[PDB]
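See structure below.
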Amino acid sequence: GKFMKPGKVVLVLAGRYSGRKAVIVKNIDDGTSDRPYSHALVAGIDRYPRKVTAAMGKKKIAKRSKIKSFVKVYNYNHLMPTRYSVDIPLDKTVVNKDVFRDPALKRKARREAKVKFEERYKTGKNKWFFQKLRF
Amino acid sequence: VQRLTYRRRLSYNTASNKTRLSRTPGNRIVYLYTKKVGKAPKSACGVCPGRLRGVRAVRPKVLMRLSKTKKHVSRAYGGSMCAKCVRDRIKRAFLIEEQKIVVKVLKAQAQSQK
Amino acid sequence: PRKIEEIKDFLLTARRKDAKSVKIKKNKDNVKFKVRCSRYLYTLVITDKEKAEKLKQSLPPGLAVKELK
RNA sequence: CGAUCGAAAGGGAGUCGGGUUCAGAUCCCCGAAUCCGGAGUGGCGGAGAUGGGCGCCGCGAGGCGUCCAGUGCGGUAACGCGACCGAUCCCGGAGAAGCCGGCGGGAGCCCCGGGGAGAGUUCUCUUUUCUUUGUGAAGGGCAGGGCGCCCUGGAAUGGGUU
Ligand SMILES: [Mg+2]
Ligand SMILES: [Mg+2]
Ligand SMILES: [Mg+2]
Ligand SMILES: [Mg+2]
Ligand SMILES: [Mg+2]
Ligand SMILES: [Zn+2]
């Protein structure tokens with residue numbers, strides 16, 4: 001059975017975002033004419049939220065809980081799939097494949113990834129996705 | 001044929017007293033004292049025999065002059081470790097951490113029945 | 001030495017505060033404009049004899065000109 | 001982890017071209033650079049960064065008011081772009097490496113065929129013989145050399161290759 005699904009959490013193995021976690025938002029298992037290899041559009045996080053503990057102020061928690069996201073198309077052999085899955089919405093009208101021609105649309109794709117990731121992080125769910133991989 | 005002499009008082013062919021020939025606007029051949037050849041950094045993994053890419057090979061005190069983008073690669077462990085041993089350490093750090101969760105689950109699986 | 005490709009940046013380098021002098025070299029198939037700044041001697045290379053003469057009037061008036069020969 | 005000393009051949013950032021004396025020149029003069037250190041007011045420019053939603057107005061071009069975000073960006077990747085916060089602590093690299101053989105590249109010198117310039121022979125011959133015929137450091141671009149770097153793809157009728 002195929003596992004490269006649009007809910008799967010993967011690890012990035014190469015590039016600038018190496019060692020960072022992403023969620024597949026659109027897999028393409030058989031290559032397009034421009035990208036002959038099997039690939040996937042993912043939407044991950046660049047800057048992990050910092051360690052937030054008690055005996056801290058409320059405006060400081062909102063400062064440590066700041067997620068910076070990224071949107072990128074990756075080859076499959078540059079990805080490390082996990083068993084973990086997250087049910088994040090990520091509506092596909094704003095996060096898609098012709099995002100990589102207009103930088104303003106890439107800003108909106110990163111913004112829409114960022115707001116949903118911060119909203120999911122402030123509920124205490126999918127907590128393995130938001131801790132950095134120690135390597 | 002114009003035979004040429006040293007321009008400094010060190011008359012011995014040591015490692016620091018290395019020269020090269022140069023043709024001059026006055027139409028004569030001079031010695032130019034060269035600098036030692038630099039080396040790219042070796043990877044921090046310790047297994048790859050090749051040197052790192054994207055970093056200029058200079059003498060160590062030249063690295064004061066150079067900007068940061070000439071001294072590293074935009075990656076985690078960039079300019080200090082090769083990409084092969086970065087991704088082979090990402091996989092290792094993920095998989096051993098997963099296997100520890102498997103061992104933790106199988107511990108409670110034994111303690112549940114016993 | 002630095003080579004300025006365009007004409008527009010040459011005017012800023014000539015209008016710098018540290019521009020000590022400007023000098024014009026008239027050789028064959030080339031006109032050379034050299035601004036002596038504090039660090040570099042900036043050279044503008046013009047292969048158009050009409051633009052050389054209009055730029056020669058277009059130098060700023062506060063700069064000292066030395067027409068070389 | 002032992003004060004301190006210990007190499008004008010080890011390590012050790014950064015200067016070259018022309019000219020000049022009766023005797024000194026990478027030191028004097030001229031012209032080009034370069035290294036290190038310094039800065040409250042930080043001298044200027046650039047980066048950080050000036051984006052979006054909602055509600056009005058403006059025909060629109062766009063303009064006020066709120067709610068937020070914003071410690072950069074691109075490439076599948078090797079990695080790239082002019083910057084691109086971060087301490088105590090930790091890890092690593094450079095400095096920092098023997099002798100010999102073979103091969104390849106690039107210089108300098110030598111060699112051959114011509115153009116100039118000036119000399120030598122010429123009793124006879126010799127389009128002949130001799131001399132000379134260029135560009136520094138630093139920056140930018142392009143050859144060239146090397147890669148135990150990456151992507152596609154899967155190879156026996158085994159191939160590639162010195
Ligand atoms: Mg010495
Ligand atoms: Mg040369
Ligand atoms: Mg670099
Ligand atoms: Mg001593
Ligand atoms: Mg010494
Ligand atoms: Zn390695």
Side-chain angles (χ1 to χ4, degrees), chain A residues 12-18 28 31 34-42 46-47 62 66-70 72-79 100 103-104 106-108 110-112 114-115 118, chain B residues 1-4 6-17 19-33 35-36 38-65 67-75 77-84 87, chain C residues 1-5 12 16-18 34 36 39-41 43:
Chain A
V12 177
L13 296 171
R16 185 148 61 90
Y17 305 117
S18 313
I28 296 99
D34 62 357
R35 324 193 65 118
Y37 38 82
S38 308
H39 61 260
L41 171 64
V42 304
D46 217 330
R47 174 177 313 149
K66 279 302 179 68
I67 297 169
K68 164 178 188 174
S69 73
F70 68 95
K72 186 69 179 294
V73 158
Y74 277 108
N75 199 359
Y76 280 169
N77 57 5
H78 298 160
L79 292 171
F100 302 100
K106 205 169 177 162
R107 281 187 273 276
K108 296 288 96 177
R110 288 211 295 282
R111 176 66 180 170
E112 190 276 331
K114 162 182 173 82
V115 289
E118 293 179 353
Chain B
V1 185
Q2 171 91 333
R3 290 170 287 182
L4 74 164
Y6 278 134
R7 312 169 65 161
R8 298 158 185 192
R9 289 192 190 277
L10 181 48
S11 60
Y12 302 113
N13 185 52
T14 61
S16 66
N17 200 68
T19 61
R20 80 168 155 93
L21 265 52
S22 191
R23 193 183 306 279
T24 300
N27 203 349
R28 65 180 177 88
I29 308 289
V30 308
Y31 277 142
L32 273 183
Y33 288 84
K35 330 278 190 303
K36 293 185 179 181
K39 289 178 180 116
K42 184 165 297 305
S43 161
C45 64
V47 292
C48 299
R51 307 188 155 275
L52 299 182
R53 281 82 65 193
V55 192
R56 293 179 66 188
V58 289
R59 298 311 279 170
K61 278 191 281 181
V62 193
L63 294 157
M64 275 216 282
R65 291 200 283 267
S67 52
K68 223 185 185 182
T69 78
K70 294 181 176 67
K71 297 184 278 189
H72 74 84
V73 162
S74 304
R75 191 179 53 249
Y77 292 80
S80 177
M81 215 189 264
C82 53
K84 182 175 174 66
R87 89 183 93 82
Chain C
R2 290 295 143 99
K3 183 164 176 165
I4 305 172
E5 293 83 3
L12 273 43
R16 286 187 180 180
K17 292 181 181 179
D18 57 308
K34 326 196 187 186
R36 178 62 243 181
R39 194 168 156 177
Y40 297 118
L41 171 82
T43 306

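Note on naming: letters A, B, ... go to the chains in the order of the sequence lines (proteins, then strands), and numbering restarts at 1 for each one.
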For C/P1, which contact category applies under a 4.0 Å heavy-atom criterion: base, sugar-phosphate, or nothing?
base
Is the base of D/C123 syn or anti, where syn means the angle lies within 90° of 0?
syn
Going by distance alone, is a donor N or O of one side chain under 3.5 Å from an acceptor N or O of the other, for B/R8 and B/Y6?
no
Sugar conformation, D/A83 - torsion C1'-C2'-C3'-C4' sign
south
Nearest nucleotide by nearest heavy atom, which residue falls closer to the 5' end of RNA chain D, B/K39 or B/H72?
B/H72
Assigned chi class of D/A49 under the 90° convention is syn
Anti or syn - D/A94, cut at 90° from 0
anti
In terms of pucker, with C1'-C2'-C3'-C4' positive for north and negative for south, the sugar of D/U121 lies north
Let me spell it out: for each of A/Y17 and B/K36, pick the nucleotide of RNA chain D with the closest heavy atom. Which residue's pick is nearer the 5' end?
B/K36
Ring centres of D/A25 and D/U26 closer than 5.5 Å, with planes less than 30° apart?
no
Using the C1' atom in both, what is the distance from D/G160 to D/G154, to the nearest Å?
15 Å
Do the six-membered rings of D/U157 and D/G158 sit on top of each other, with centres under 5.5 Å apart and planes under 30° apart?
no
Describe the nucleic acid contact of A/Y37 in one word from base, sugar-phosphate, nothing, applying a heavy-atom distance below 4.0 Å.
base
Where the sugar of D/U152 falls when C1'-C2'-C3'-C4' decides north versus south:
north
Pair A/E112 + A/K108, salt bridge at N-O below 4.0 Å:
no
D/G141 and D/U121 base-paired, Watson-Crick or G-U, both contacts under 3.5 Å
no
Ring of C/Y40, cation from C/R2 - is the NZ or CZ under 6.0 Å from the centre and inside 45° of the axis?
yes
For B/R23, side chain to side chain donor-acceptor pair (under 3.5 Å) partners two or more places apart
none
Check every strand shown and say whether B/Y33 touches a base, only sugar-phosphate, or nothing at a heavy-atom separation below 4.0 Å.
base
Are D/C130 and D/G95 a pair by Watson-Crick or G-U wobble criteria, both distances short of 3.5 Å?
no
Inter-nucleotide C1' distance (D/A143, D/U121), Å rounded
48 Å
Are the six-ring centres of D/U129 and D/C130 nearer than 5.5 Å, with the two ring planes set at an angle smaller than 30°?
yes
NE2 on A/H78 to NE2 on A/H39, rounded to 0.5 Å
13.5 Å
Give one of base, sugar-phosphate or nothing for A/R107, where a contact means two heavy atoms less than 4.0 Å apart.
nothing
Should D/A25 be tagged north or south? The rule is the sign of the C1'-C2'-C3'-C4' torsion.
south
Sugar-phosphate only, base, or nothing, as touched by B/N27 at under 4.0 Å among non-hydrogen atoms
sugar-phosphate
Which part of the nucleic acid, if any, lies within contact of B/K70, taking any heavy atom under 4.0 Å across all strands shown: a base, the sugar-phosphate backbone alone, or nothing?
nothing
Separation of the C1' atoms in D/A32 and D/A138, to the nearest angstrom:
9 Å
According to salt bridge (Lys or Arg N to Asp or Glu O under 4.0 Å), who are the partners of A/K72, at least two apart in sequence or on a separate chain?
none
Would you measure the distance from the P atom in D/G139 across to the matching atom in D/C103 and give it in whole Å?
36 Å
Can you tell me how far P in D/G86 sits from the matching atom in D/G12, rounded to whole Å?
29 Å
Chain A footprint on RNA chain D, 5' to 3' - any atom under 4.0 Å from a heavy atom
D/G52 to D/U152
Stack test, strand neighbours D/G86 and D/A87, 5.5 Å, 30°
no
Stacked, yes or no: D/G58 with D/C59, six-ring centres under 5.5 Å, planes under 30°?
no
Base, sugar-phosphate alone, or nothing: which one does B/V1 contact when heavy atoms must sit under 4.0 Å apart?
sugar-phosphate
Let's test this: given Watson-Crick or G-U wobble pairing with both distances under 3.5 Å, identify the partner of D/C56.
D/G63
For the nucleotides D/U131 and D/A117, establish whether a Watson-Crick or G-U wobble pair is present, both distances being less than 3.5 Å.
yes
Using a heavy-atom cut-off of under 4.0 Å over every strand shown, decide if B/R51 touches base, sugar-phosphate, or nothing.
sugar-phosphate
Rounded P spacing from D/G53 to D/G140 in Å
43 Å
A/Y74 side-chain N/O to A/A40 backbone N/O, donor-acceptor pair under 3.5 Å:
no
Looking across every strand, which nucleic acid part, if any, lies under 4.0 Å from B/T69 by heavy atom: base, sugar-phosphate, or nothing?
base
Mind checking if C/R36 touches a base, just sugar-phosphate, or nothing, with heavy atoms under 4.0 Å?
sugar-phosphate
Evaluate D/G80 against D/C73 for Watson-Crick or G-U wobble pairing; both distances have to be shorter than 3.5 Å.
yes
What's A/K66 touching, base or sugar-phosphate or nothing? Going by heavy atoms closer than 4.0 Å.
sugar-phosphate
Please give the distance between the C1' atoms of D/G46 and D/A83 as a whole number of Å.
9 Å
Within the side chain of A/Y17, is there an N or O that forms a donor-acceptor pair under 3.5 Å with the backbone of B/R75?
no
Checking A/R110 against A/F70: charged group under 6.0 Å from the ring centre and within 45 degrees of the axis?
no
Using atom P in both nucleotides, what's the gap between D/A137 and D/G14 to the nearest angstrom?
15 Å
For D/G60, tell me north or south, taking a positive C1'-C2'-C3'-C4' torsion as north and a negative one as south.
north
With a 4.0 Å cut-off on heavy atoms, is A/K114 in touch with a base, just the backbone sugar-phosphate, or nothing at all?
sugar-phosphate
Need one value for B/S67: base, sugar-phosphate or nothing, where a base atom within 4.0 Å counts as base even if backbone is also close, heavy atoms only.
sugar-phosphate
Taking B/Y12's backbone N and O only, do any of them form a donor-acceptor pair with B/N17's side chain (distance below 3.5 Å, no angle check)?
yes
Report which part of the nucleic acid A/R35 touches: base, sugar-phosphate, or nothing (heavy-atom distance under 4.0 Å, all strands).
base
Side-chain (A/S18) to main-chain (A/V12) donor-acceptor, under 3.5 angstrom:
no
